[PDB]
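**Student:** The following block contains the structure, expressed as structure tokens.
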Amino acid sequence: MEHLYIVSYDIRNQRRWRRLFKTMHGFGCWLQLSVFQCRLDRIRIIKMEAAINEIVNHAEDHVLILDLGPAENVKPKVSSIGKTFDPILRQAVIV
Amino acid sequence: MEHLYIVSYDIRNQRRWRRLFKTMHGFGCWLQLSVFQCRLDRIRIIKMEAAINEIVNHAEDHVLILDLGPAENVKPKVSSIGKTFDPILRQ
Amino acid sequence: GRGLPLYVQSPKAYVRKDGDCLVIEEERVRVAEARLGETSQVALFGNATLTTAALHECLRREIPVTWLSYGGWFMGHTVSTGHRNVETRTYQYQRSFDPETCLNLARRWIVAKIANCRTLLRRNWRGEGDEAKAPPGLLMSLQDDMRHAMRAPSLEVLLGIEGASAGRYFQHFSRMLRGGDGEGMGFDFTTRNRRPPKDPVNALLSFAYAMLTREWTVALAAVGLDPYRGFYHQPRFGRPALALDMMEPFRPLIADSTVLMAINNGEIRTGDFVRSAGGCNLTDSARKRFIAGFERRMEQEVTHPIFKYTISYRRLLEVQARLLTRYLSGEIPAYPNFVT
Amino acid sequence: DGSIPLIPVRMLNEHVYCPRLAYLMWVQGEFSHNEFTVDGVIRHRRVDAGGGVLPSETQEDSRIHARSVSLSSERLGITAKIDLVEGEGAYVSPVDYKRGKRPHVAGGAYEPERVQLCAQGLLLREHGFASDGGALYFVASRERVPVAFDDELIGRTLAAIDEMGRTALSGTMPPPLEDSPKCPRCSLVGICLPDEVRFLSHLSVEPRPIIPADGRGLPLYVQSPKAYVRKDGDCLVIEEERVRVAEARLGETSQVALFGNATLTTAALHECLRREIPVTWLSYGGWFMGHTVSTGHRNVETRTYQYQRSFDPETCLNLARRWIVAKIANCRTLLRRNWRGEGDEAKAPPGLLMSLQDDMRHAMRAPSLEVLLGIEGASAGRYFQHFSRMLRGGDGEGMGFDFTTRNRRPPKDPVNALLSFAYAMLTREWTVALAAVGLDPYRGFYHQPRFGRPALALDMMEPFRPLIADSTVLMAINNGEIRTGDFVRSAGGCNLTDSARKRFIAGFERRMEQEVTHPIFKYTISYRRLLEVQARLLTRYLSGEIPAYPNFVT
DNA sequence: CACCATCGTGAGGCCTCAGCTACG
DNA sequence: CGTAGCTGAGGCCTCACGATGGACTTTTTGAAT
Ligand code: SF4
Ligand SMILES: [Mn+2]
Ligand SMILES: [Mn+2]
Ligand SMILES: [Mn+2]
Ligand SMILES: [Mn+2]
């Protein structure tokens, strides 16, 4: 069972920002100007929180990780006003 | 029963941004650089989504509203890496 | 033979197929050709390019394209889904259950290892000033042990005799240093091969042995052979039992020789080691200096597998592996080992 | 002699937990991760992976705070890499880090870790130290839990050393735990297969529901003949004509399939290699040219057993009988359940069912492989003769099957091409699954090795042809995935447009990720997981652990 | 389709605040 | 009067477009009840 995580950050050093944008494209897909949506099971959430405890500087950065739900029933939990919202789908890439 | 909502926006016009920062301080408390946490019951969530359908321009802005849970059990659902996270308390 | 491996050193390179030919280009300018008649594995170094048409033409002819990093670190193979090599693997597995197969190849490997050891004695003996030659009693002793290895009855006897002879070689290994005892680099004749290295010289020896084992593993897997099913050593626990079986002749030439190179060239000094309650381990700068040294020894040319054409060591390994698969399945009797 | 290496003390920790677990992890490699192994590595890495002070050889009076200290004694027979060593002058004490809370047991430390700490204590005593104690430093609450080297604790440790030595020298993998609560989290439950081996080895129970797979992704299909797959850090961007068509997250990718003249930049290939993500090169039409390997699979017992049994005739014969009997049974079942007639034809003709069942049984009583191949041919001929009976309620425009056009190189029917593509694209799945369990996909018992078709994937796919390949073809034609316009003629025969290939591949993927219920164990398992489970059960059967291979007849 | 993908410096676009004018 | 409202100056966030480069390291450890 996988969950849908929403990750939003404030990073106060451009190098650390590059490092974190690096890592986050490693894990989820871009959603908003500083927000990523990640569809992860347990192993990968452990990996993500391991990565973002060494990418960031705990003194002045801020990363927020929200566990919306079981990633099958997230659509009632998210309401988007501008663009459409479409959760990450677990299917192969055929192209 | 109240729920904890997290609201995050991208606004591409400074006037609309003022209008929305206006409205959002009306409803919740600042959390992150463009994120507000709101503890609302049903009447107030209806009010908030009513306000942010006329503050924003649907063509190019983007506002995201996440319903975390019943606002009593939100702490297991939120993990903050930098500052502390402390939900809105009703007192 | 049939053909030889092609090593594309240039990280710039772009490799295409020209009909029956494999063309190397540099900057839209040609470099060299292979032409697939005398080819073997195509080794591509870091960020080289191999056009997918050329890759398909390699696969259809069942040529093991191998990918190395820019430095030369192995990163993987690319084998074809044809019976080219499964014949070799099934011959290896069917024949590993035999007593003369195991015993005979073991006897050959040990006699070659001993011969390389004594040849390295007569090469690199540095008891200089008063003992320009090794004691011929030692040389006669190792010759006698070599005959014994020729006529060992069974595997356990060969293992015991091998251990003996290797020990008496290591007795005078320290005789081969910069001229005397290497105070600050002490060598223990008896604490050999315990898992943590208790001596700096033994630390170098173990690290060189491990790198040689890795090279042999990748060379064996390049050909269609299972490196983990050995004839002489024992298979399980994750030990590569065929790399360990075949690296025995090559221990003096690539491991002992590399250590002697890097210790008689001053590359490794007493300050490079850290000692801890029974463990002497290298420091990082020293570790990768020694890795460079191991490369430099792997880059040398030696001429005579059986055909005199001055191959680098890293390709002599493949030549030997192919000779092994060719001994199996019954082409060439008795696996003509490489001895100098 | 060298009949056994020095026992790593972590394998000593595992042996007192589950002897089968120690056997798997030590004598056959065979490790896999889950939530907790990954979490424990994460705990240990940030501090104790990096070294610290040395344990002084000459100890008089000074604090010893060594970290990641590697000892071994060969009189004892163990080797260790101690997480930390706290000692005042000459009285040292091992400290092992853990991951979780303090356990809810008397003494605060379970039986295994106590044995590990005692073993490290003996090792320290060997090198001239006075330990007489140790600790467990749980990283989560850093609640150091002391452990005292009681005497029968040392008795347990030495007994476990001897027990592991004997069970490794014997060469027989110890049975699984009996319905234990340890197994549902041992991170090898996908390899131990505890309940399945229990049930089939006649220690009969009811297999508990699948301890589900975790941390595995979905394939990457590159069907466009002009795609360029390049690395973009951890993503993997597939750009076609210099525009980003799609990205694939490498953490979520489990294979790569390169169809035709699709290019893969060497850096992307290296990054795939660093993760052992299999990369498979295919012709434009699905021919399986080659794949990527890396210095073999460290499990040797599996391959040794496979080859040694391959050299045995009646083992090959029994396996082949099982396989094609399963194939014929599945053909019958498919013919039934998806026959679509109108009236007096809407349900299967029993004469055909008589012929097919009689052929099933004639194969079950086969004398040798020659007659078995003959019977397989005859039964497949009848099945395909009736195959067209049952698609779209009859042939459509151009969607014409010719039963005599099967089994040869250029497909000159639309549906013949569709079948050949499905077969050649299931062979890849089987090859990957078989190579991922330590087996050698090319040494087969029934089929003979020939280019592009590994002899063992062709074997173990025989039961699954009707369930996956033919079923995908049927569902694709019926649902309207493919109509006649999707095909293009050629001098060779028939081929598919790109719009057809993408839709068909998506359909095949949906089939592979489509849950079923196992006839024998009765739990919902996806087909892709089922292939791995069946490969593992074949390894067990060749191992002599279970009496016979479960063929999955439905 | 020429080494290829990590590093990183500019120019613009979001996001907020302090400080102003009007004002009612 | 006071709070609504608009301007600047700085701080986050990302991208197209450039130049360097040229990682990979022994064996162990790593959960679970
Ligand atoms: S279920 Fe897992 S832990 Fe239990 S005996 Fe089997 S492999 Fe070992
Ligand atoms: Mn942000
Ligand atoms: Mn924002
Ligand atoms: Mn030896
Ligand atoms: Mn067949």
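Residue numbering restarts at 1 in every chain; chains get A, B, ... in the order shown in the structure tokens, and ligands count up from 1 in that same order.
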Could you list, as a PyMOL selection string, every residue within 10 Å of residue 52 (chain A), counting only C-alpha atoms (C1' of nucleotides) and ignoring same-chain residues fewer than 4 positions away?
**Tutor:** (chain A and resi 19-20+23-24+47-48+56-58+63) or (chain B and resi 81)
**Student:** For chain B against chain A, which residues fall within 10 Å using only C-alpha atoms, given as a ChimeraX atom specification?
**Tutor:** /B:5-11,31-35,49,52-53,56-69,74-85
**Student:** Set the distance at 7 Å and use only C-alpha atoms (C1' of nucleotides): which residues neighbour region 117-121 of chain C once local chain neighbours fewer than 3 positions away are removed? I'd like the list as a list in words.
**Tutor:**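 Contacts, in chain order: residues 113, 114, 124, 125, 139 and 252 of chain C.
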**Student:** By how many Å are CA of residue 277 (chain C) and CA of residue 57 (chain D) apart?
**Tutor:**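 Interatomic distance here is 4.5 Å.
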**Student:** Please identify every polymer residue within 9 Å of ligand 4, using only C-alpha atoms (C1' of nucleotides) and all ligand atoms, and present the set as a JSON list (two decimals) with C-alpha atoms, in the first residue's frame.
**Tutor:**
```
[["chain", "number", "residue", "atom", "x", "y", "z"],
["C", 110, "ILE", "CA", 49.41, -25.00, -8.63],
["C", 113, "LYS", "CA", 51.74, -20.71, -9.41],
["C", 159, "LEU", "CA", 45.94, -28.09, -0.85],
["C", 162, "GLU", "CA", 50.29, -25.74, -1.88],
["C", 163, "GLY", "CA", 50.04, -24.15, 1.53],
["C", 166, "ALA", "CA", 53.52, -20.83, -0.58],
["C", 233, "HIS", "CA", 38.31, -24.05, -4.31],
["C", 244, "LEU", "CA", 39.98, -17.92, -6.85],
["C", 245, "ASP", "CA", 40.90, -21.04, -8.81],
["C", 247, "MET", "CA", 44.09, -16.28, -10.09],
["C", 248, "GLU", "CA", 46.55, -18.69, -8.46]]
```
**Student:** With only C-alpha atoms (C1' of nucleotides) as the counted atoms, please give the residues lying no more than 12 Å from residue 14 (chain F), apart from itself and same-chain residues fewer than 6 positions off, as number ranges by chain.
**Tutor:** A: 14, 17-18, 21, 30, 32-34; E: 11-14
**Student:** Please report, as a tab-separated table, each residue of chain F lying at most 8 Å from chain C, together with the nearest pair of atoms and the separation in Å rounded to one decimal; use only C-alpha atoms (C1' of nucleotides), and order rows by chain and ascending residue number.
**Tutor:**
```
residue	atom	partner	partner_atom	distance
F:22	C1'	C:70	CA	6.1
F:24	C1'	C:73	CA	7.4
F:25	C1'	C:287	CA	7.2
F:26	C1'	C:207	CA	5.6
```
**Student:** 12 Å from ligand 5 is the threshold here; counting only C-alpha atoms (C1' of nucleotides) and all ligand atoms, which polymer residues fall inside it? Answer as an NGL selection string.
**Tutor:** :D and (320 or 323-325 or 327-328 or 372-381 or 406-407 or 423 or 427 or 446-448 or 453 or 455-466)
**Student:** Would you pick out the contacts of residue 3 (chain A) at 6 Å or less, using only C-alpha atoms (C1' of nucleotides), so that residues sharing its chain but fewer than 4 positions from it are not included, and give the list as a ChimeraX atom specification?
**Tutor:** /A:39-40,69-71
**Student:** Would you export the selected residues with C-alpha atoms as an mmCIF file, in the first residue's frame, please?
**Tutor:**
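Output file again.cif follows:
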```cif
data_model
loop_
_atom_site.group_PDB
_atom_site.id
_atom_site.type_symbol
_atom_site.label_atom_id
_atom_site.label_comp_id
_atom_site.auth_asym_id
_atom_site.auth_seq_id
_atom_site.Cartn_x
_atom_site.Cartn_y
_atom_site.Cartn_z
ATOM 1 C CA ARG A 39 3.497 8.593 -4.228
ATOM 2 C CA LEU A 40 5.637 6.390 -2.026
ATOM 3 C CA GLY A 69 -3.774 9.266 2.625
ATOM 4 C CA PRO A 70 -3.619 5.863 0.949
ATOM 5 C CA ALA A 71 -3.107 7.354 -2.533
#
```
